[PDB]
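One structure is given here, and the rest of the page talks about it.
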Amino acid sequence: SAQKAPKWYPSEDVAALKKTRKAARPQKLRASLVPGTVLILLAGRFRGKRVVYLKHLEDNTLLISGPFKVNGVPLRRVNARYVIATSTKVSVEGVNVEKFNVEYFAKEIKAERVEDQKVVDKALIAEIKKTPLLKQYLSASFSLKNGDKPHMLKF
Amino acid sequence: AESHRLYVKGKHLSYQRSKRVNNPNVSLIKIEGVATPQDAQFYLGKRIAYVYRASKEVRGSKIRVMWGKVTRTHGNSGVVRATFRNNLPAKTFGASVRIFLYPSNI
Amino acid sequence: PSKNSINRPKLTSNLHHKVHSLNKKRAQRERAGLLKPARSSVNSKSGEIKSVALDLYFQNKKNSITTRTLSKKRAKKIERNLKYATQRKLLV
Amino acid sequence: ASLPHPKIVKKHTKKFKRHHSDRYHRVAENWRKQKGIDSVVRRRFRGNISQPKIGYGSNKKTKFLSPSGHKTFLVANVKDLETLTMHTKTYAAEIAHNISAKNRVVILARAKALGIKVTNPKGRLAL
Amino acid sequence: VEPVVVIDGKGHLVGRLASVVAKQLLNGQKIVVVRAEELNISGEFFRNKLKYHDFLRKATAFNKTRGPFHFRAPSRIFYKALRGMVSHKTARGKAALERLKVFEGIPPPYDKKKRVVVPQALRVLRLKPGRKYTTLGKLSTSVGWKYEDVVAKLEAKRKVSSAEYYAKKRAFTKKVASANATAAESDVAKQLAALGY
Amino acid sequence: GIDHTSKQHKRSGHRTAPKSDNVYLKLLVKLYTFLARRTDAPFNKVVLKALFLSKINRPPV
RNA sequence: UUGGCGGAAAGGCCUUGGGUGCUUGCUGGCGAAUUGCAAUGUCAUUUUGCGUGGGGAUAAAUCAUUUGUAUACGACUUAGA
RNA sequence: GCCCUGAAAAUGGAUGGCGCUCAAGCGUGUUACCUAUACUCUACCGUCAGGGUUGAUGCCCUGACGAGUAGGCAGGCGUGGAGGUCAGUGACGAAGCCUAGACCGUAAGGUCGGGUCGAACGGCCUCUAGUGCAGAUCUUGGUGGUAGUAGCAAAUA
RNA sequence: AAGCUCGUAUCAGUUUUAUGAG
RNA sequence: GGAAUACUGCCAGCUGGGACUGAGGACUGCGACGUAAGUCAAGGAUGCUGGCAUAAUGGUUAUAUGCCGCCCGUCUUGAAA
RNA sequence: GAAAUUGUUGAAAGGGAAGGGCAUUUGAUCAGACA
Ligand SMILES: [Mg+2]
Ligand SMILES: [Mg+2]
Ligand SMILES: [Mg+2]
Ligand SMILES: [Mg+2]
Ligand SMILES: [Mg+2]
Ligand SMILES: [Mg+2]
Ligand SMILES: [Mg+2]
Ligand SMILES: [Mg+2]
Ligand SMILES: [Mg+2]
Ligand SMILES: [Mg+2]
Ligand SMILES: [Mg+2]
Ligand SMILES: [Mg+2]
Ligand SMILES: [Mg+2]
Ligand SMILES: [Mg+2]
Ligand SMILES: [Mg+2]
């Protein structure tokens, strides 16, 4: 015997957790996040690009589109904390986004993405064409210049 | 365009300290364009990155990052306090850091 | 800076040269292969027995100036223990 | 595959070294209390070494636990090994330093059959 | 926000300029100081000369070559005033000091660069009118600096060249302003005025 | 800091446990500890207290 | 590629003539996606390394010997195809 | 009230230094700001106290405390030898020694890997003592710097 | 440190009231 | 004569931003919204998602940087002195 | 076949001592956990 056996042994019956009193409640977005708003992307592959916010998804994400014909950003999800909501707004009542959801964006090109992109971008472009220089504004990328102060800049 | 910058520039001033002892767990950061605590309140909670270069490649890059965040203001002149996951080396007193715009309240 | 030439940087230039020299020396050692490989490499010894005597014995079986030598006594003991392990492997 | 435990916290990971054990070869690093009446270390002046005390004591629910979450139990043979046949999730067996390779083979085989984790399964068994 | 800040030292008070520059160097800003011979010290010339002569008294008795070194040039006087405010025996202090260059006059290439001022160190903004002050070039010449005339001649030549450059620049600016002022009635100009530009 | 009015970490005392190694005496102490806790009987309290005394404090009768 | 200027540490400033691109001054058409909801997500001169190659030029210093205007020893000052 | 004189020696030096003149000086007022092992909240260690309880000097719940020389009390770590036990370890390698490797203890220490080594040694319950070193101008033995240094120049060669 | 008792028990580097001293 | 405002104070008024913490581990209790079954922020954190799956986090070791740190024992009020 | 002390090799530091504490960078090196 290289070591004496202990007199007492802890039990291996793992106890269950106590009943947690933490209910899940819907997210309250910022007052500036209204569908149809132009958003600046702050991070990711499409950082510094201006897109259009379309729909709030069940996973606390925002459905956005470029539109893909204007600046090459497809129908994607974004996190609301990584965007800047500007003041520019376009109408979205002509856009049908009742199909897209988390199950749609699950990843376990399919060309159903392409078809839905064409259908959504048609109405988005129709709404965009009414405002002058809005298409050029959405195609241009955002960046900070010398001496820009984000705590003073309006959006 | 000619610029792609999505961050504000800052300088790592020093550690939190008294006259004869310092606390490396807290760093003092001076953000460009900020001169008052009222203006510094905008940047609370923003991510800070210290980006530096090393000669040996690690995971496909020669560029290494130390992450942290803004926690509170400091003084009357727009200096803030920041905490990083690993404390800054203290050879970086006077070096540049990047204050990002996320998480965003705008 | 030096009191004889205050406009010329001295300490920063010395540190920059030192950093550059250390980087070049490390790169030269890596290219010479004097550094341990990655942990997931096939030739990594991570989590395994590290023994100069066993490494020398197996290098001699496979077939500059070094301080790593294998004694005849240890080599004979290695051969004997390898015969024991081979007999066990044959039995199972 | 151990018992669930809180995150292990060590209050003082660094070793408590004896004063001037760096200064003199004849002074070993094993901790000794300074009994001098004028000792700056004993009087606890700023800038000196820290001394062991009960405040540094570890959490009783994480005490004696290895990083894998087990308690180490030294074993010399199969009979010592089979003491842990029911306390598998809390204890891991460690073979004693003086067990021969021929017996370590048997111990490892029996431990694998019984599902008992072995702390040092590579000892003396290089191929 | 400039990578290098060039400060015209004329009309500044030495102590306050030294304080602000030392803080900038510690924060990690590269600074060049020009025209150090035109710096000012508050107080009378005899007082400042007396203070420098006390400094001259200070020396190591058993070997003068080990003692305090008394550099006579105005740039070196300013450098002493700043080294007294930088913790210069540490690596951090040495690194801060190595972000600083001080010159008498404006040598190249800084003669063709923009030069700024520090309002909190300016004499006309700080000192009460009527208080006496001292010029660093005269003080340095009285304590042994021997290059005041050479610097004056070179500065005069530089001023002539800079005046010619400014005359050409002012003519071009007048031409540009004339060409811009005639387009203030266009619809583009009206839209820019509506947007504030 | 605090200005303590009384001593700190003061033991109550009162002869908690017997100093003997008699296993039968320890069994009797166990039984009367149980009785004194679960009966609220002053007799059981007195007997339990007397079982802790030393030889010079338990004179014969 | 034409010419002028700049010596404070000039090493930069201005200018002539074609060439070759770009131009968001204005109007259009195609492309972007999957980096999967963020992870610096790598973007800037110089390279005493090599390979290709057209050209350019073919030295000294020290030891040893030697002098004494030099010298404790080094050092110094001379001479030798 | 502030300012100047209102006495001073002897290496070169001090509002701590730089320096500061509508001050960065003096008197006062109003705010903001910096930070102690102090105060407040939380976690963890230990001690003490109060309750509960048919490995019970254990377990569970709650609360408050923690400076220390001489001195007191308590719990522990380590060593030689002895009785008992593990039908303990060991020539497939005991003890010892070395170790840029691993782990557990607040600590005294304990455990594992590798190398060297070549015959004995350990865990636990107890017994016993010539049982723990940094010092004593300590004892014995061994070894440095000084240092290739001082010097090996009386007695004619 | 040990016993015995008692435990709205025993009190207190404090105040108050009455009464002295200055 | 009619108001407003400043100052001081109160609300068991509403609401935005930031930081540290998540101890406990079946149920029991006190409450709230509810006719109702039930629900809840009420006797201590859960839910959703991404990347990596190894030297990446982490440890050790050699050093660098910022700040702190006088040589121990003994004996003397007291010792750098 | 220990230490003091020494040689060689490799790595590192060094502008009038070195050593220690807290924290992190860099170089080197390494264990666990891998269903
Ligand atoms: Mg002179
Ligand atoms: Mg306390
Ligand atoms: Mg002051
Ligand atoms: Mg005042
Ligand atoms: Mg052995
Ligand atoms: Mg003895
Ligand atoms: Mg000794
Ligand atoms: Mg002693
Ligand atoms: Mg001695
Ligand atoms: Mg000699
Ligand atoms: Mg003779
Ligand atoms: Mg690390
Ligand atoms: Mg100190
Ligand atoms: Mg021998
Ligand atoms: Mg040795």
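Each chain gets a letter, A, B and so on, in the order its sequence line appears, and its residues count up from 1.
Using a cut-off of 5.5 Å between ring centres and 30° between planes, the six-membered base rings of G:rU52 and G:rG53 qualify as stacked. In this strand, J:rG58 sits stacked on its neighbour J:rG59; the base ring centres are under 5.5 angstrom apart and the planes under 30 degrees. For the consecutive pair H:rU126/H:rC127, the pyrimidine-type rings sit with centres less than 5.5 Å apart and planes less than 30° apart, qualifying as a stack. For the pair H:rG142 and H:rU143, the rule of 5.5 Å between ring centres and 30° between base planes classifies them as stacked. Both conditions of the stacking definition, centres under 5.5 Å apart and planes under 30° apart, are satisfied by the base rings of H:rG81 and H:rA82.
A:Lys4 places its NZ atom 10 Å from the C1' atom of H:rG88, with the value rounded to the nearest Å. Following rounding to the nearest Å, C:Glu48 (CD) and K:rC30 (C1') show an atom-to-atom distance of 14 Å. Distance NZ (B:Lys62) to P (G:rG41): 20 Å, rounded to an integer number of Å. As rounded to whole Å, 13 Å separates atom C1' of K:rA31 from atom CG of D:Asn120. One can place CG of A:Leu62 at 16 Å from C1' of G:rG36, the figure rounded to the nearest angstrom. For the pair A:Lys22 NZ and J:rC40 P, the computed distance is 13 Å after rounding to whole Å. Regarding A:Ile64, its CD1 atom lies at a distance of 15 Å from the P atom of G:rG36, rounded to whole Å.
Comparing atom distances between the A:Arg47 side chain and each of H:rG93, K:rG27, G:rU42 picks out G:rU42 as nearest. Closest approach to the E:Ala61 side chain among H:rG12, H:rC34, H:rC65 is made by H:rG12 (side chain taken as heavy atoms from C-beta onward). Out of H:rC92, K:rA28, J:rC40, the shortest distance to the side chain of D:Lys102 is found at H:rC92. Listed nucleotides J:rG18, J:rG24, H:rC45 differ in distance to A:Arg81; the shortest reach to its side chain belongs to J:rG18. Side-chain proximity of C:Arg80 to the nucleotides G:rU42, H:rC18, H:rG93 is greatest for H:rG93. Side-chain proximity of A:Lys18 to the nucleotides J:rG44, H:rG46, J:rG73 is greatest for J:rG44. Among the nucleotides H:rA24, H:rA36, G:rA9, the one closest to the side chain of E:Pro108 is G:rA9.
Scanning RNA chain J for stems, defined as runs of 3 or more consecutive Watson-Crick or G-U wobble pairs whose donor-acceptor distances all fall under 3.5 Å, gives the following ranges: J:31-33 with J:38-40, J:58-62 with K:26-30, J:64-68 with K:20-24.
Using a 3.5 Å distance cut-off with no hydrogens or angles, the side chains of D:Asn77 and D:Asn103 do not pair a donor with an acceptor. In this structure, a donor-acceptor pair under 3.5 Å is absent between the side chains of D:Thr62 and D:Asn59. If you check the side chains of A:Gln117 and A:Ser65, you find a donor sitting under 3.5 Å from an acceptor. If you check the side chains of C:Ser44 and C:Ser46, you find no donor sitting under 3.5 Å from an acceptor.
The ring of D:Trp31 does not lie on top of the base of H:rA108; it is either too far (5.5 Å or more) or too tilted (30° or more).
With a 3.5 Å ceiling on both atom-pair distances, the Watson-Crick or G-U wobble partner of H:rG63 is H:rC48. With a cut-off of 3.5 Å on both pairing distances, the Watson-Crick or G-U wobble partner of H:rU116 is H:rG96.
H:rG16 takes the anti form, because its glycosidic angle lies more than 90° either side of 0. Nucleotide J:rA55 carries a syn base; the chi torsion (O4'-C1'-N9-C4 or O4'-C1'-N1-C2) is within 90° of 0. In H:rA7 the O4'-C1'-N dihedral to the base is within 90° of 0, which defines a syn nucleotide. Under the 90° criterion around 0 for the glycosidic angle, H:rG66 counts as anti. With its glycosidic angle more than 90° from 0, J:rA12 is assigned anti.
Residue B:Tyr52 has a polar side-chain atom (N or O) positioned under 4.0 Å from OP1 or OP2 of K:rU26.
Interatomic distance, OG of C:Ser71 versus NZ of C:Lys77, reported as 7.5 Å (0.5 Å rounding).
The main-chain N or O of B:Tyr102 is never found under 3.5 Å from a side-chain atom of B:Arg47 such that the two would form a donor-acceptor pair. A:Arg30 places a side-chain N or O within donor-acceptor distance of the main-chain N or O of A:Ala80, the cut-off being under 3.5 Å.
Taking all atoms of both residues into account, the shortest heavy-atom contact from B:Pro37 to B:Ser77 is CD-N, 4.5 Å.
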Taking N or O atoms only and anything under 3.5 Å, show me the protein contacts with nucleotides 54-57 of chain H, one pair per line.
{"unit_1": "H:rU54", "atom_1": "OP1", "unit_2": "F:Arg37", "atom_2": "NH2", "d": "2.4"}
{"unit_1": "H:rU54", "atom_1": "OP1", "unit_2": "F:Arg38", "atom_2": "NH1", "d": "3.1"}
{"unit_1": "H:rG55", "atom_1": "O5'", "unit_2": "A:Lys7", "atom_2": "NZ", "d": "3.0"}

Distances for protein N/O vs nucleotides 48-51 of chain J N/O pairs under 3.5 angstrom?
{"unit_1": "J:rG51", "atom_1": "OP1", "unit_2": "A:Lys107", "atom_2": "NZ", "d": "3.0"}

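When the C1' atom is compared between G:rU27 and G:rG41, the two are found 38 Å apart, to the nearest whole Å.
Salt bridge absent: C:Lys45 and C:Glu48 never bring a charged side-chain N and a carboxylate O closer than 4.0 Å.
Here F:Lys10 lies in heavy-atom contact (under 4.0 Å) with sugar-phosphate atoms only. E:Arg92 comes within 4.0 angstrom of sugar-phosphate atoms only, judged by non-hydrogen atoms across all strands, and of no base. Counting any heavy atom pair closer than 4.0 Å across all strands shown, B:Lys46 reaches no nucleic acid atom. Residue contacts shown for D:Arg23 include a base, since a base heavy atom lies under 4.0 Å away.
H:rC77 and H:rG132 are base-paired: they meet the Watson-Crick or G-U wobble geometry, with both hydrogen-bonding distances under 3.5 Å.
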